[PDB]
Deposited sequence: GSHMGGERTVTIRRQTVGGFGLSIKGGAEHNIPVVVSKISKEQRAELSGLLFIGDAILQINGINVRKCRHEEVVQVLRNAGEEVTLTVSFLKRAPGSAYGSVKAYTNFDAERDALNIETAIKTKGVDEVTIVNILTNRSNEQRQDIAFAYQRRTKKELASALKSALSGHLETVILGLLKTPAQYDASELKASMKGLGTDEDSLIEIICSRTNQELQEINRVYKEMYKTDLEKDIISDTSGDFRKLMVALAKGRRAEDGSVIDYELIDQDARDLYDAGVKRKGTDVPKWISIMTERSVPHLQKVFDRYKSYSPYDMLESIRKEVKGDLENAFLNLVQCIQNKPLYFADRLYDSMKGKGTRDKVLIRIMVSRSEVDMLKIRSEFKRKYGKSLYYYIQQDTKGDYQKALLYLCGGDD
C-alpha cells in the first residue's frame, strides 16, 4: 500500500527526519527517525522503514542518498511524500501502557500523540486490561481520565474504543433513539448489520446500562412495519449457518418474495420480514440470486419499487448486509466523507466497531470500488490526532 504523507518543517532548517539508505544499497531511501514534533504535525502515517517513492510529485524511486537530501533541503516548509513500507501488541505490558498513558495525560497540554499510538494499536481486550491497570495506579477510571483530557472527535473515537463491543453498540443504539426524533440511519445500520451473538450481548448490556430493554426503546421510537422489522431483527434469533444447503427452501423463499412483492398489488410485508429475518445469511444470499430467476428486478430494485420511507431504508440496508457486509460498510464510509464536511458520527462508529471484525475486507472492497484507499479518503476529510486515530484503525493503505 502506497501511503501519502505531508510533512512540515518544525525547525528553521529541518523537517525532523533522519533519512537512511538510498540507491547505493539498491533500495529506495528510507525514513529511520521521526521527531516527536513531526509525528504530531504530519498528515498521514509515516513509519520507520517507509521507502520514499515520490516527493512533491517527482519520482525519487531511483535516486541516490544525496539526491533526495538536496531535494528536501531545497523544498519549502510543507512537503508531500508518497511512501510504502519496505517488506494487538507482541510484548503487551498493560502496566507499562497504563503508565505511559498517565504520563501522556499529565503532560502539560496533553500528549494526544502517545494516547492515540497506544490505544488505537491495542485490541479491545488489551484496552480492558490497560484500563484495569490504570484504575489501580491512579484511582481514576481510564475512560474518565481520557474524557477530561480530550475533546472534539478524538474524544469520541478514544471513548468508543474503550467500551466493549456490546457496550459501544448499546450506547450508540441509545443515542440513536434519545431525544424527540430518531436517527433512523444509525438505528438501521446497527440493527441490520449485527449477528445473533452480537445482538444477544447488546440486548443484555443495554438492560444493565440503561435499566430498560432495547426492544421497549425501539417500540417507543418507531412504528408501523418499520417497527416490526427492527423489533424482529433485534431479537437476534436468525437461523445459524447450516451445513446442508436447503435448495428446495431456497427456491420457495425466492418465489414467496416475488409473490409477496413485485407480482401482486401492494406488498405482503410480514412475508418479506419473516423470510429476511429468519433464514441464515448464506441461505438468503442464494435466495436473492434465485429471486432473479423469477423477477425482472433484483432484490434491491424490487424493494425501491415496493416500499418507501424508513421501511424501504431498512430493507435496503438489510439486503446489502446480507449480500456483502464489507462492501456495505465501504459504501457507508464513502458516503460519510464524499461530500461537504464529514458525517463523523458514522465514520467514527464504523472505524471503531469494524476495526477488529472485517476491516481488511472493508478496505479491499473500498479500494476496488472507489479506486483510492480508505486511508486516502480519511486523510482528505479529517486532520490532527483525530485523523491519526482513524488511520490506525484503518490499518494501512490499500
**Request:** Please list, in sequence order, every stretch of the deposited sequence that lacks C-alpha coordinates.
**Result:** 1-5, 93-103
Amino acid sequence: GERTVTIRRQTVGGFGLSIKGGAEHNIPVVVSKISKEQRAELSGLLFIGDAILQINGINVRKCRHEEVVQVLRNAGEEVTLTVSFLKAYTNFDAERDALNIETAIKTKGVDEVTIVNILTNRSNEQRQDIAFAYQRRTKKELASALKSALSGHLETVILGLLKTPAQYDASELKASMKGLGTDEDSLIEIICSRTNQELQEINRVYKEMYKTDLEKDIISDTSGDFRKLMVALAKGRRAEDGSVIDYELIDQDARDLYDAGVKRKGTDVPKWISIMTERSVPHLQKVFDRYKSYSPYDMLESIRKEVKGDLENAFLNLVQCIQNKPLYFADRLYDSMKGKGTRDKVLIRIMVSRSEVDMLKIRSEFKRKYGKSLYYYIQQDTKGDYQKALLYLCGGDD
From here on, numbers count along this sequence of modelled residues.
**Higher-B stretch (mean Cα B-factor, as the entry records it), 167-175 or 107-115** = 107-115
**Prompt:** Taking the recorded C-alpha temperature factors, which stretch has the higher mean, 141-149 or 92-100?
**Reply:** 92-100
**Prompt:** Which listed residue, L229, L327, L72, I188, has the largest C-alpha temperature factor in the record?
**Reply:** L72
**Message:** Comparing recorded Cα B-factors across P282, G76, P270, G309, which one is largest?
**Reply:** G76
**Prompt:** Comparing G224 with the other modelled residues of its chain, is its CA B-factor in the lowest, middle or highest third?
**Reply:** middle
**Message:** Going by the CA temperature factor in the PDB record, which third of the chain does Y370 belong to: lowest, middle or highest?
**Reply:** middle
**Request:** Check where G242 lands among this chain's C-alpha B-factors and tell me if it's the lowest, middle or highest third.
**Result:** highest
**CA B-factor placement of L347, once the chain's modelled residues are sorted into thirds** = lowest
**Request:** Please place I378 in the lowest, middle or highest third of its chain by C-alpha B factor as given in the entry.
**Result:** lowest
